[PDB]
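> A structural model of the following input is requested.
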Amino acid sequence: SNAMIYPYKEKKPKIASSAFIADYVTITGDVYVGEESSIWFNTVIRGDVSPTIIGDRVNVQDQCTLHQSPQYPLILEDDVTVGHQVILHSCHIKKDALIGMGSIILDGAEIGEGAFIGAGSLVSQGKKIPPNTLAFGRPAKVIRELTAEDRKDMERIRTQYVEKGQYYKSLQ
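Numbering: from 1, shown residues only. And now the structure:
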(Lines give C-alpha, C1' and ligand atoms only; values in the text may rest on other atoms or scores of the structure.)
Protein backbone atom coordinates (compact mmCIF):
# COMPACT_ATOMS: atom_id res chain seq x y z
CA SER A 1 0.00 0.00 0.00
CA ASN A 2 3.10 1.87 0.95
CA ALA A 3 4.75 0.56 -2.30
CA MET A 4 6.63 2.37 -5.09
CA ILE A 5 5.38 2.12 -8.69
CA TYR A 6 7.47 3.99 -11.26
CA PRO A 7 7.44 4.27 -15.06
CA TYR A 8 10.58 3.40 -16.92
CA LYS A 9 10.50 5.72 -19.88
CA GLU A 10 7.16 5.17 -21.60
CA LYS A 11 6.22 1.95 -19.79
CA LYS A 12 4.31 1.69 -16.60
CA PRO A 13 3.54 -1.48 -14.69
CA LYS A 14 0.23 -3.17 -15.46
CA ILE A 15 -1.00 -4.88 -12.35
CA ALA A 16 -4.30 -6.78 -12.15
CA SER A 17 -6.76 -5.18 -9.70
CA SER A 18 -6.94 -8.51 -7.80
CA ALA A 19 -3.16 -8.78 -7.32
CA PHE A 20 -1.70 -8.16 -3.86
CA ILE A 21 1.29 -5.83 -3.85
CA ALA A 22 2.75 -5.74 -0.35
CA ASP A 23 4.36 -2.85 1.49
CA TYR A 24 7.88 -1.77 0.57
CA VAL A 25 7.63 -3.39 -2.84
CA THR A 26 9.04 -1.49 -5.81
CA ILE A 27 7.79 -2.24 -9.31
CA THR A 28 8.96 -0.23 -12.30
CA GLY A 29 8.64 -0.13 -16.05
CA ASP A 30 7.75 -3.01 -18.38
CA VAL A 31 6.06 -5.34 -15.90
CA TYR A 32 2.74 -7.20 -16.12
CA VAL A 33 1.22 -8.96 -13.09
CA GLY A 34 -1.80 -11.24 -13.42
CA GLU A 35 -4.93 -11.99 -11.46
CA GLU A 36 -4.65 -13.09 -7.80
CA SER A 37 -0.86 -12.98 -7.97
CA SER A 38 0.95 -11.78 -4.86
CA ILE A 39 4.20 -9.81 -4.60
CA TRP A 40 5.45 -9.94 -1.02
CA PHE A 41 7.19 -7.50 1.30
CA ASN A 42 10.33 -5.70 0.08
CA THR A 43 10.45 -7.40 -3.30
CA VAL A 44 11.96 -5.34 -6.14
CA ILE A 45 10.91 -5.80 -9.79
CA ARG A 46 12.69 -3.29 -12.00
CA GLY A 47 11.34 -3.60 -15.53
CA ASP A 48 14.03 -1.52 -17.21
CA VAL A 49 16.01 -3.97 -19.33
CA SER A 50 13.57 -6.54 -20.73
CA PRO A 51 9.89 -7.32 -20.08
CA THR A 52 8.77 -9.13 -16.92
CA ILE A 53 5.56 -11.10 -17.37
CA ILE A 54 4.01 -12.65 -14.24
CA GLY A 55 0.90 -14.75 -14.81
CA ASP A 56 -2.09 -15.58 -12.66
CA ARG A 57 -2.05 -16.85 -9.08
CA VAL A 58 1.75 -16.51 -8.88
CA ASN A 59 3.44 -15.78 -5.56
CA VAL A 60 6.76 -13.93 -5.45
CA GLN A 61 7.67 -14.12 -1.83
CA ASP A 62 9.40 -11.62 0.42
CA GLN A 63 12.57 -9.80 -0.51
CA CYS A 64 12.99 -11.22 -4.00
CA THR A 65 14.85 -9.46 -6.81
CA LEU A 66 13.45 -9.74 -10.35
CA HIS A 67 15.61 -8.27 -13.14
CA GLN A 68 16.71 -8.95 -16.70
CA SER A 69 19.56 -8.91 -19.18
CA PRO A 70 18.89 -7.58 -22.71
CA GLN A 71 18.65 -10.89 -24.55
CA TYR A 72 15.78 -12.59 -22.63
CA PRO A 73 12.54 -11.57 -20.94
CA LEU A 74 11.71 -12.66 -17.40
CA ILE A 75 8.64 -14.92 -17.46
CA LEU A 76 6.82 -16.44 -14.53
CA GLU A 77 3.94 -18.53 -15.86
CA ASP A 78 0.67 -19.20 -14.01
CA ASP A 79 0.63 -20.85 -10.60
CA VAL A 80 4.35 -20.41 -9.97
CA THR A 81 5.75 -20.17 -6.43
CA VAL A 82 8.95 -18.20 -5.82
CA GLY A 83 10.47 -18.50 -2.35
CA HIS A 84 11.87 -15.78 -0.10
CA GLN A 85 15.01 -13.93 -1.15
CA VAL A 86 15.18 -15.47 -4.62
CA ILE A 87 17.02 -13.70 -7.44
CA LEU A 88 15.47 -14.21 -10.88
CA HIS A 89 17.41 -12.90 -13.87
CA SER A 90 15.96 -13.28 -17.39
CA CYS A 91 14.77 -16.83 -16.77
CA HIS A 92 11.57 -18.58 -17.87
CA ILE A 93 9.71 -20.37 -15.07
CA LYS A 94 7.00 -22.56 -16.48
CA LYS A 95 3.60 -23.13 -14.95
CA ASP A 96 3.27 -24.76 -11.51
CA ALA A 97 7.02 -24.72 -10.85
CA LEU A 98 8.39 -23.85 -7.41
CA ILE A 99 11.66 -22.01 -6.76
CA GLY A 100 13.06 -22.71 -3.32
CA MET A 101 13.91 -19.84 -1.01
CA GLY A 102 17.36 -18.33 -1.35
CA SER A 103 17.91 -19.58 -4.90
CA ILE A 104 19.39 -17.76 -7.91
CA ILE A 105 18.03 -18.55 -11.39
CA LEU A 106 20.10 -17.01 -14.18
CA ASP A 107 19.78 -15.82 -17.76
CA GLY A 108 18.21 -18.10 -20.31
CA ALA A 109 17.47 -20.77 -17.70
CA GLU A 110 14.25 -22.67 -18.21
CA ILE A 111 12.43 -24.26 -15.28
CA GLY A 112 10.08 -26.92 -16.58
CA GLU A 113 6.42 -27.19 -15.70
CA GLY A 114 5.90 -28.36 -12.10
CA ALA A 115 9.62 -28.63 -11.35
CA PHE A 116 10.88 -27.96 -7.82
CA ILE A 117 14.16 -26.13 -7.25
CA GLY A 118 15.50 -26.85 -3.79
CA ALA A 119 16.31 -24.06 -1.38
CA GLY A 120 19.61 -22.27 -1.84
CA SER A 121 20.20 -23.46 -5.40
CA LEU A 122 21.98 -21.72 -8.27
CA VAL A 123 20.60 -22.55 -11.72
CA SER A 124 23.25 -21.48 -14.21
CA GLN A 125 22.76 -19.53 -17.43
CA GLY A 126 20.97 -21.53 -20.14
CA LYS A 127 20.26 -24.48 -17.85
CA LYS A 128 17.09 -26.45 -18.56
CA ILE A 129 15.40 -28.24 -15.65
CA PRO A 130 12.93 -30.86 -16.92
CA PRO A 131 9.26 -30.71 -15.94
CA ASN A 132 8.19 -32.57 -12.79
CA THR A 133 11.72 -32.97 -11.36
CA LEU A 134 13.53 -31.99 -8.21
CA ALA A 135 16.80 -30.12 -8.79
CA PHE A 136 19.17 -28.55 -6.27
CA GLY A 137 22.74 -27.49 -5.62
CA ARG A 138 25.20 -24.98 -7.02
CA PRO A 139 25.14 -25.39 -9.91
CA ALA A 140 21.83 -27.17 -9.60
CA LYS A 141 21.49 -30.73 -10.94
CA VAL A 142 18.41 -32.86 -11.51
CA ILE A 143 18.06 -35.22 -8.55
CA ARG A 144 14.84 -37.18 -9.15
CA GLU A 145 11.30 -37.22 -10.49
CA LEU A 146 8.67 -35.66 -8.23
CA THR A 147 5.96 -37.80 -6.62
CA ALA A 148 2.23 -37.36 -6.12
CA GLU A 149 3.04 -36.30 -2.55
CA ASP A 150 5.52 -33.62 -3.70
CA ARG A 151 2.85 -32.31 -6.07
CA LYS A 152 0.18 -32.21 -3.37
CA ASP A 153 2.41 -30.08 -1.13
CA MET A 154 3.10 -27.72 -4.07
CA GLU A 155 -0.66 -27.36 -4.62
CA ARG A 156 -1.19 -26.59 -0.94
CA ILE A 157 1.49 -23.89 -1.04
CA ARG A 158 0.31 -22.08 -4.20
CA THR A 159 -3.37 -22.14 -3.19
CA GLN A 160 -2.70 -20.95 0.35
CA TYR A 161 -0.61 -18.11 -1.04
CA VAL A 162 -3.49 -16.91 -3.21
CA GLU A 163 -5.71 -16.85 -0.10
CA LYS A 164 -3.10 -15.22 2.10
CA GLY A 165 -2.43 -12.60 -0.55
CA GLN A 166 -6.11 -11.67 -0.62
CA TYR A 167 -6.18 -11.57 3.17
CA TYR A 168 -3.21 -9.21 3.57
CA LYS A 169 -4.56 -7.13 0.67
CA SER A 170 -7.76 -6.62 2.70
CA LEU A 171 -5.67 -5.09 5.54
CA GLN A 172 -4.34 -2.35 3.29
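
> what about the closest residue to residue 15 other than its chain neighbours, neighbour count?
Spatially, and ignoring its direct neighbours in sequence, residue 15 is nearest to residue 33 (4.4 Å; Cβ to Cβ, 6 or more residues apart in numbering). For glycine as for every other residue, the C-beta is placed from the backbone atoms N, C-alpha and C. Applying other Cβ atoms under 10 Å, we find 25 residues neighbouring residue 33.

> Next: residue 109.
24.

> does it really touch residue 123, like I thought?
Yes: look at residue 109 against residue 123 with Cβ atoms under 8 Å: they come within range, at 4.8 Å.

> Give the intersection of the neighbour lists for these two.
Residues touching both residue 109 and residue 123 (Cβ atoms under 8 Å, 6 or more residues apart in numbering): 91, 129.

> Can you mark which positions in stretch 10-29 are buried?
Neighbour counts using 16 or more other Cβ atoms under 10 Å place 12-13, 15, 18-22, 25-29 of stretch 10-29 among the buried residues.

> for this structure, longest strand please?
In terms of residue count, the longest strand belonging to the chain (DSSP state E) is strand 44-54.

> hang on, the earlier thing: just confirm the residue nearest to residue 15 contacts residue 54, I think it does.
Yes: using Cβ under 8 Å, residue 33 is in contact with residue 54, at 4.7 Å.

> any residues in contact with both of those two?
With Cβ under 8 Å, 6+ apart, residue 33 and residue 54 have common neighbours residue 39.

> What are the boundaries of the helices in this structure?
148-171 (DSSP state H).

> if I pick residue 105, what's in contact with it?
Contacts of residue 105 by Cβ under 8 Å, 6+ apart are 86, 87, 88, 89, 91, 93, 99, 111, 117, 123.
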